[PDB]
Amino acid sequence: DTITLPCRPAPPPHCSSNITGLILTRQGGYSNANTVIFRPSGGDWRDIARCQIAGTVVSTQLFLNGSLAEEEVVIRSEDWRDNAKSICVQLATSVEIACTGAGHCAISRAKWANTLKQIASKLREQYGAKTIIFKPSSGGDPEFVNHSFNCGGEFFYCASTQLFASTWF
């Protein structure tokens, strides 16, 4: 099984990339369930730029063909306690995302699940032994509410609802 992303317009197969990282936002407020929720970043290109793990691919919430960590998944932030500061997530092993060309780009469900687990594990190092939950974007302008990227002189918009819907103890 794979995770498919509704894209618009339809990205050509040669626009398939390797996810080398992503950027998140920790949800504010409090919960009596001892859980920490993370969503796609509600920040700007500024948040993305300060991550400094991108290559030559202009993308929003997922880093395409960027820098990979040499040991383990590394997470960074200007301030872990400030929920207005995004969290930069650099992967150790890239995950293939293949575009069929008919409007969908598919990602391996197993590899992405394992990836989220490595992210959640590292997140537990910073926020303690709590339940890590990934939820879809809180919203925003088309470029940022979707996983958007440039390829071959064209800008595509891919919904990432199915990428961020997991719970990890």
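Residue numbers here begin at 1 and follow the sequence given.
For the two regions 104 to 112 and 132 to 140, the entry's Cα B-factors average higher over 104 to 112.
Averaged over Cα atoms, the B-factor as recorded in the entry is higher for 148 to 156 than for the other of 148 to 156 and 17 to 25. Per the deposited record, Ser31 carries the highest C-alpha B-factor of all listed residues (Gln61, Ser31, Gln126, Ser67). Ranked by C-alpha B-factor against the other modelled residues of its chain, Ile53 falls in the highest third. Placement of the Cα temperature factor of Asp79 within the chain: lowest third of the modelled residues, per the deposited record. Split the chain's modelled residues into thirds by C-alpha temperature factor. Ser166 is in the lowest one. Ranked against the other modelled residues of its chain, the C-alpha B-factor of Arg39 as given in the entry falls in the lowest third. Among the modelled residues of the chain, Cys88 sits in the lowest third by CA temperature factor in this PDB entry.
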